[PDB]
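Novice: Pasting a structure here, questions to come.
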Amino acid sequence: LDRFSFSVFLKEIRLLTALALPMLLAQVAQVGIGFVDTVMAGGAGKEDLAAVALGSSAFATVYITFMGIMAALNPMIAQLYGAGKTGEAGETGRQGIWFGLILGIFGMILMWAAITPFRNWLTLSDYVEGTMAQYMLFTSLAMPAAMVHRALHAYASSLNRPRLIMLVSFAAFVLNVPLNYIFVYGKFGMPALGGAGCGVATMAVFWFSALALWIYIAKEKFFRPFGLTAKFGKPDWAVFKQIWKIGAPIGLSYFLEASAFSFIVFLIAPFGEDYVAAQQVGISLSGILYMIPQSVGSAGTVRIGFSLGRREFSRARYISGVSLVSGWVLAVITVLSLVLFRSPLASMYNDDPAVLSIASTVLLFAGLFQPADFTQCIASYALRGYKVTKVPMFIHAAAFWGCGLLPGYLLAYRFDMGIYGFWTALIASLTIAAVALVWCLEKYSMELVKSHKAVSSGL
Amino acid sequence: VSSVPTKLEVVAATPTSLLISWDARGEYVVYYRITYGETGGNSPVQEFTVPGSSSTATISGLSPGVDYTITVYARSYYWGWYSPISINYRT
Ligand SMILES: c1ccc([P+](c2ccccc2)(c2ccccc2)c2ccccc2)cc1
């Protein structure tokens, strides 16, 4: 009862040479997609009632949610690049590409139902509706969520030395920009429907990058076992029902910042109005370059679960250290330029039009939760990421919202300038991440002692 | 004129029986005898036996927690034995 996250520090010998460096090109293709994004935010500004995010960023709810589930194969296919048959590893890949097209047709379907923001209780930014050509970014761009899980089941099979996605998901974005506008108003193209037709544009390119899976059964030996992706085995055939208790714990634990989603957009609508809806050129600039950070480990999740296949127990989960603390180098040594700098004349009117003449009560948490979390889930793209341990890592997150529920109405109740106020036990909620996780990561690298059951051999 | 099936590992068991997954870089002529005992020195030895690049199998591990020690055996070229290797880590 002074330490119960056993032998903490050690995850070190001379590991200066843990080179997960093509594991940043797993998320530099992801600034590549991150940045289509604005080119149709400030691209469908050709229409000015096309604030359009009004559906496009409430589509990407059942994206990044079902997204979780999918990018939950990162174990499987890295971990069985410790066995041999990339086609049994791949008859998952296939059975999941069956998922990523099966659950894919539920985004595709729960989206249909979806279209009834014809509803109200509190202020504009969530009720007011008049002309909605969001009407159709709901469909023209939610009729995709099928080919968009496959188009991700792609890099969920880049868990073994391909960044053949950084290749595409750039010669992908660039295809869209062109395309994108053709539909807002264009050429020979379907030139009219514009504020949803930035969405038929976006979603168009999903199906294009959807077949940048196809065209990468190409540069060596297969990941194509696309025989009838069919199932049936017991009551319901796994390698698919297995995908289940990796899926569940993840999207449902992506529904962390899925309520730090309706935390962030429920403190602009008290008398907060003005500069409290700039906690969003702030927390927009959280995600923006938090993504290449964060997802260094949602790409390190390879190098770990992969190298338990190749049975190097903790010759991996003790790089799950010097991979943890390596972007954790600039996790703080660039949380510096987050509390420091601003939205100055380096901000114009982009992702959220609100720049010239608002307070810096926004960098006051670009340190609070910021590095105190930076890693605190790359701790999970390394627990799940390594192990099953998203199991209830799920219930890592039942905390960071029930440990930070009360720091919701604790900006609204404050002692001082409590704008970073309900960032209270939602930077302590969110730094009892510094525990529970990386707790079962010394429950858990202390696992591959119990596991590495013959310490070494002979000569 | 060599050494052993030179890896070791028993990752887990099914705390009644046990998976024993070790080295076999190919085979040789091919064969594995595997010893089967505690380290009591009492309760006699017994014999698992496998084929290919397969020393990578799993015992019928009857008894409970008790210390168990267990060796695999190369067999090659000469219908004799290239070398053996063993670990003792039980339930
Ligand atoms: C719900 C709806 C929209 C967004 P966001 C945004 C994300 C992160 C931080 C602040 C804002 C968004 C982010 C990245 C890509 C697309 C959309 C957002 C919100 C309002 C207006 C535009 C965009 C977020 C949650």
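Chain lettering (A, B, ...) mirrors the order of the structure tokens, residue numbering begins at 1 for each chain separately, and ligand numbering begins at 1 in order of display.
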Sorted by chain and rising residue number, which residues of chain A lie within 8 Å of ligand 1, and what are their closest atom pairs and distances in Å to one decimal, counting only C-alpha atoms and all ligand atoms, as CSV?

Specialist:
```
residue,atom,partner,partner_atom_place_in_ligand_line,distance
A:34,CA,ligand 1,15 (C),7.0
A:37,CA,ligand 1,15 (C),5.9
A:38,CA,ligand 1,15 (C),7.4
A:41,CA,ligand 1,22 (C),7.8
A:51,CA,ligand 1,21 (C),7.8
A:53,CA,ligand 1,22 (C),5.2
A:54,CA,ligand 1,21 (C),7.2
A:56,CA,ligand 1,16 (C),7.3
A:57,CA,ligand 1,3 (C),4.4
A:58,CA,ligand 1,2 (C),5.5
A:60,CA,ligand 1,16 (C),7.8
A:61,CA,ligand 1,1 (C),7.5
A:258,CA,ligand 1,25 (C),7.6
A:261,CA,ligand 1,25 (C),4.8
A:262,CA,ligand 1,1 (C),7.4
A:264,CA,ligand 1,10 (C),7.7
A:265,CA,ligand 1,1 (C),7.6
A:279,CA,ligand 1,10 (C),7.8
A:280,CA,ligand 1,10 (C),4.6
A:281,CA,ligand 1,10 (C),6.7
A:282,CA,ligand 1,10 (C),7.3
A:283,CA,ligand 1,9 (C),4.4
A:284,CA,ligand 1,9 (C),3.5
A:285,CA,ligand 1,9 (C),6.9
A:286,CA,ligand 1,9 (C),6.6
A:287,CA,ligand 1,8 (C),5.6
A:288,CA,ligand 1,14 (C),7.4
A:351,CA,ligand 1,22 (C),5.7
A:352,CA,ligand 1,21 (C),5.4
```

Novice: Can you tell me which residues surround residue 65 of chain A at a distance of at most 10 Å, considering only C-alpha atoms, apart from same-chain residues fewer than 5 positions away, and format the answer as a list in words?

Specialist: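 Once the nearby chain positions are removed, what remains is residues 60, 70, 107, 247, 248, 250, 251, 252, 253, 254, 255, 256, 257 and 258 of chain A.
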
Novice: Write down as a list in words the residues belonging to chain B that are assigned strand (DSSP E) by DSSP computed on the backbone.

Specialist: residues 13, 14, 17, 18, 19, 20, 32, 33, 34, 37, 38, 48, 49, 50, 57, 58, 68, 69, 70, 71, 72, 73, 84, 85, 86 and 87 of chain B

Novice: Any chance you can output those residues with C-alpha atoms as a PDB file, in the first residue's frame?

Specialist:
```
ATOM      1  CA  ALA B  13      -0.529 -24.719 -18.935  1.00  0.00           C
ATOM      2  CA  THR B  14      -4.231 -25.436 -18.493  1.00  0.00           C
ATOM      3  CA  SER B  17      -1.992 -30.149 -18.306  1.00  0.00           C
ATOM      4  CA  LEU B  18       0.534 -28.061 -20.234  1.00  0.00           C
ATOM      5  CA  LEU B  19       1.635 -26.602 -23.563  1.00  0.00           C
ATOM      6  CA  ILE B  20       5.318 -27.089 -24.251  1.00  0.00           C
ATOM      7  CA  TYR B  32      11.147 -36.280 -30.737  1.00  0.00           C
ATOM      8  CA  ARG B  33      10.881 -38.323 -27.633  1.00  0.00           C
ATOM      9  CA  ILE B  34       9.819 -36.191 -24.765  1.00  0.00           C
ATOM     10  CA  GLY B  37       8.189 -36.607 -14.967  1.00  0.00           C
ATOM     11  CA  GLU B  38       8.049 -34.455 -11.884  1.00  0.00           C
ATOM     12  CA  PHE B  48       5.241 -38.347 -25.404  1.00  0.00           C
ATOM     13  CA  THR B  49       6.541 -38.671 -28.964  1.00  0.00           C
ATOM     14  CA  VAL B  50       6.241 -36.315 -32.044  1.00  0.00           C
ATOM     15  CA  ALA B  57       3.227 -29.726 -28.477  1.00  0.00           C
ATOM     16  CA  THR B  58       1.268 -30.205 -25.248  1.00  0.00           C
ATOM     17  CA  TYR B  68       7.154 -31.214 -13.052  1.00  0.00           C
ATOM     18  CA  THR B  69      10.438 -31.375 -15.042  1.00  0.00           C
ATOM     19  CA  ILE B  70      10.460 -32.197 -18.740  1.00  0.00           C
ATOM     20  CA  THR B  71      12.885 -32.952 -21.643  1.00  0.00           C
ATOM     21  CA  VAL B  72      12.680 -33.188 -25.408  1.00  0.00           C
ATOM     22  CA  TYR B  73      14.936 -35.282 -27.577  1.00  0.00           C
ATOM     23  CA  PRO B  84      18.494 -33.350 -25.294  1.00  0.00           C
ATOM     24  CA  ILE B  85      17.262 -30.205 -23.478  1.00  0.00           C
ATOM     25  CA  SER B  86      15.028 -29.797 -20.328  1.00  0.00           C
ATOM     26  CA  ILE B  87      13.159 -27.361 -18.054  1.00  0.00           C
TER      27      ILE B  87
END
```

Novice: Atom CA of residue 158 of chain A and atom CA of residue 21 of chain B are how many Å apart?

Specialist: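 Atom-to-atom, atom CA of residue 158 of chain A to atom CA of residue 21 of chain B, that is 27.8 Å.
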
Novice: Between A:123, A:116, A:202, A:429, which one has atoms that come closest to residue 180 of chain A, using only C-alpha atoms?

Specialist: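 With only C-alpha atoms as the atom set, the closest residue is A:202.
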
Novice: What is the distance between atom CA of residue 220 of chain A and atom CA of residue 156 of chain A, in Å to one decimal?

Specialist: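 These two atoms are separated by 17.8 Å.
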
Novice: Pick from B:65, B:28, B:91, B:42: nearest to residue 2 of chain B, with only C-alpha atoms counted?

Specialist: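 Nearest candidate to residue 2 of chain B out of B:65, B:28, B:91, B:42: B:28.
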
Novice: Using only C-alpha atoms, which of the listed residues (B:74, B:45, B:4, B:62) sits closest to chain A?

Specialist: B:4

Novice: Compare B:9, B:67, B:27, B:47 by their minimum atom-to-atom distance to chain A, counting only C-alpha atoms, and give me the closest one.

Specialist: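 Among B:9, B:67, B:27, B:47, it is B:9 that comes nearest to chain A.
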
Novice: Considering only C-alpha atoms, extract the chain B residues located within 6 Å of chain A and return them as a JSON list (two decimals) with C-alpha atoms, in the first residue's frame.

Specialist:
```json
[["chain", "number", "residue", "atom", "x", "y", "z"],
["B", 6, "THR", "CA", 17.95, -25.47, -28.41],
["B", 7, "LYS", "CA", 14.94, -23.39, -27.28],
["B", 8, "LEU", "CA", 12.87, -23.66, -24.16],
["B", 9, "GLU", "CA", 9.39, -22.45, -23.18],
["B", 10, "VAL", "CA", 6.26, -23.74, -21.58],
["B", 11, "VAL", "CA", 4.31, -20.44, -21.81],
["B", 12, "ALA", "CA", 1.25, -21.51, -19.79]]
```

Novice: Excluding residue 344 of chain A and any residue of its chain fewer than 3 positions from it, enumerate the residues within 12 Å of it, using only C-alpha atoms, and give them as a PyMOL selection string.

Specialist: chain A and resi 281-282+340-341+347-349+354-360

Novice: When you look at residue 155 of chain A with a cut-off of 12 Å (counting only C-alpha atoms), what residues show up, excluding the ones that are within fewer than 5 positions of it in the same chain? I need them as a ChimeraX atom specification.

Specialist: /A:23,25-27,29-30,67,70-74,77-78,93,97,100,148-150,160-169,209-210,212-213,216,223,298-299,302

Novice: Residues at most 7 Å from residue 324 of chain A, counting only C-alpha atoms, excluding those fewer than 4 positions away in the same chain, as a ChimeraX atom specification?

Specialist: /A:320,328,375,378-379

Novice: Keeping only N, CA, C and O atoms, write the selected residues to a file as a compact mmCIF listing (two decimals), in the first residue's frame.

Specialist:
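This is the output file part.txt:
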```txt
# COMPACT_ATOMS: atom_id res chain seq x y z
N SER A 320 7.40 -1.68 -25.19
CA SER A 320 6.18 -1.05 -24.68
C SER A 320 6.52 -0.04 -23.54
O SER A 320 5.65 0.61 -22.96
N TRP A 328 6.68 10.41 -25.98
CA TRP A 328 6.58 10.95 -24.62
C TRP A 328 7.74 11.89 -24.35
O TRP A 328 7.70 12.66 -23.38
N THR A 375 0.05 10.23 -23.59
CA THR A 375 0.50 8.86 -23.61
C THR A 375 -0.55 7.94 -22.98
O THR A 375 -0.66 6.77 -23.35
N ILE A 378 -2.03 5.77 -25.35
CA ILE A 378 -0.95 5.03 -26.06
C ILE A 378 -0.39 3.99 -25.06
O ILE A 378 0.39 3.10 -25.40
N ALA A 379 -0.85 4.15 -23.83
CA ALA A 379 -0.78 3.12 -22.82
C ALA A 379 -1.83 2.04 -23.09
O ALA A 379 -1.69 0.91 -22.65
```
